[PDB]
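To begin, one chain is listed below as structure tokens, in the form deposited in one PDB entry.
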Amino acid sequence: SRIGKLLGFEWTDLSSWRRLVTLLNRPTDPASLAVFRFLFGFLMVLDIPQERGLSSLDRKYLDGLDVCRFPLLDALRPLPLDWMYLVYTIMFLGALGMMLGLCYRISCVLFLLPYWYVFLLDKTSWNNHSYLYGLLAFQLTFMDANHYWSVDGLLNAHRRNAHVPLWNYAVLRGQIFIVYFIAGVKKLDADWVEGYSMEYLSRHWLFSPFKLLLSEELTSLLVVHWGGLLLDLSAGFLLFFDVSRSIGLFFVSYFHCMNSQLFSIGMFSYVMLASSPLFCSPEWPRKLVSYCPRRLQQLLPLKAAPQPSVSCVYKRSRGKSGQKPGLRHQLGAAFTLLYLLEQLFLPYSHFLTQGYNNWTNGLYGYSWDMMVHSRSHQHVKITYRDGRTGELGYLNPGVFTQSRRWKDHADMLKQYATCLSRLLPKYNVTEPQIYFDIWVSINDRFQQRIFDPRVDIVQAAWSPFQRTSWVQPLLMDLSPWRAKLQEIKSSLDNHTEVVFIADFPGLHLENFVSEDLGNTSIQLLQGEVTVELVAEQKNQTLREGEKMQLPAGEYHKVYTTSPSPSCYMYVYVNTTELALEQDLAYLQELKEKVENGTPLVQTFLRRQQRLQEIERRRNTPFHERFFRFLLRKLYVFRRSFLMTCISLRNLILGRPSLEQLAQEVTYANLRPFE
């Protein structure tokens, strides 16, 4: 029975439905589950005011604002601001009750429902760790996590030290393993393997030990990319098995400690650190409190044999032959199996919902594809056509939006176009006809259009289960040009800049050259283009390898005339900044000479003086920065509390008057210690 010690069960336990049900309901020590519940509740309590947006609620959900939102379902609408504050208060109470283990099930539901409502209210705030928090809350709703280290055991001692079914830990370990393994499998992509996704990360000072034995490129490739992929692929296997648990624990601890400093991901790293000890023995906290000195062993609750509970069945050779599996046991086993199957299927179900498939598959947030893709937006142009007269107009990019994520998805763009068609009549525009022109680059690559600029999106057809016709395909046959592009970029001076563009056949690009760029030129790399000067009405054709100078403060047009996509580049240098810098440098030397013998210099020298005060900060001990950090956190907490109190009093009693509200809001922004 080497298998029996390797995986904790036998092959005969998975031969029949009854045997599987009996195995998956075996009693277990609930100490580790209780500690994880406590930590997750505490982290969620601390995370609600910061990342969920309680401290910016009065800015986000102002009652009379003109704004376009992006919900998953258009029938879902937000509530008035006071009711939003009430929703956040209920969520906070649920999180606190989950942390303390008081009224566990009701508190779990009270946290779960408003949290998921708020999550579904806005697609542009979806990411992987918020989705993970929702999944964890849903999982913990059905578990017996209040059998230890809780206040439901200090009020009724029958739920004290009572066992739990086996699948409680199995589902959580499966979730963690799924996250790790699917993240690793998603990192089996050509951009990650070749080292394009995170190429500036290795320059951080935290990587300095590794640069003693390796160059910068080797540190970027071997450590950040290949090492991360190997850790993702092996973390679950290392944590599961007993022989390699300590080594894997050290690796994951280092990984999450480094990630907590390299990025700004909220509380994800601490959640992962707290979830790692779920792979140890279910009685490890008992051993931990046993290993403490005996002087600290008389105040903690007495350590006794855990009492039986009805949530788990007991099978013994002597203590009764067995019991028939009740409805609860079969329900739990079915929940475990179906939930794990659904969690495996969902990140790979993009072949059914084709209306959310852009260059990248599906909506972002539930596929564990973290940090694999990076985007750069060069230009966004929105133009409308008046349906009553026919004038052409141009909108500011994102007038009524509160985010920028709409530039990458067709569903969000359709929602935004509908918003604009509804809202523009209030600004003297009749039956608008709206077109979009968006240029994006992904993991370097030439800039190109993502949507068709000749399609009126208001009447464009979109469906959740159909491939979108107006989405442009990604030009993945020009990827091997990236090394040459990097060579060209590095082969320049420190005053000249370059922009690379690839254009589909049949489309043109109208560009206005600013008056500050007197020395600008275009050079063709592939295909063939025809360049037009609008003022002189002159057409000139460029062949591969030849360049052209362009006038400043004028319009010009670039037509792609080849049957295949053509690539060119823009080279320019900002002339005004050149003169500004070369006169400021002369003035500084003149000042030095006058010593030895202008508002612009004033502003520049002030900015560098405060940057040298930042250098002093570098010399200043870290305790000052820690004090500033604590003060900022205290400010945001106090402001959120006071705003919630004001809104709740308005709900319960009524709005007093404008002046009293003004005084209360003025007090709420007091900046306690600055």
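All residue numbers are counted from 1 along the displayed sequence. So that the term is clear: the rigid core is the largest set of C-alpha atoms that superpose within 1.5 Å between two forms.
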Would you please confirm whether residue 396 lacks atomic coordinates in a third or more of the other entries that were compared? no
When the other structures of this protein are compared, and only where the residues around it are present, is residue 598 absent from a third or more of them? yes
Between residue 597 and residue 598 - deposited residues without coordinates, as a size class: 10 or more
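From this point on, the text means the form deposited in another entry, which you will not see here.
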Which residue, 649, 607, 632, 59, is displaced 2 Å or more at the Cα between the shown form and the other one after superposing the core? 607
Comparing between the shown form and the other one on the rigid core, is the C-alpha shift at residue 302 2 Å or larger? yes
Any chance the CA of residue 209 moves 2 angstroms or more between the shown form and the other one, core superposed? no
Could you check whether the CA atom of residue 292 moves 2 Å or more between the shown form and the other one, using the rigid core for the fit? yes
The CA atoms of residue 608 and residue 203 move 3 Å or more in that other deposited form, ending up farther
A change of 3 Å or more separates this form from the other: in that other deposited form, the C-alpha atoms of residue 274 and residue 302 are closer
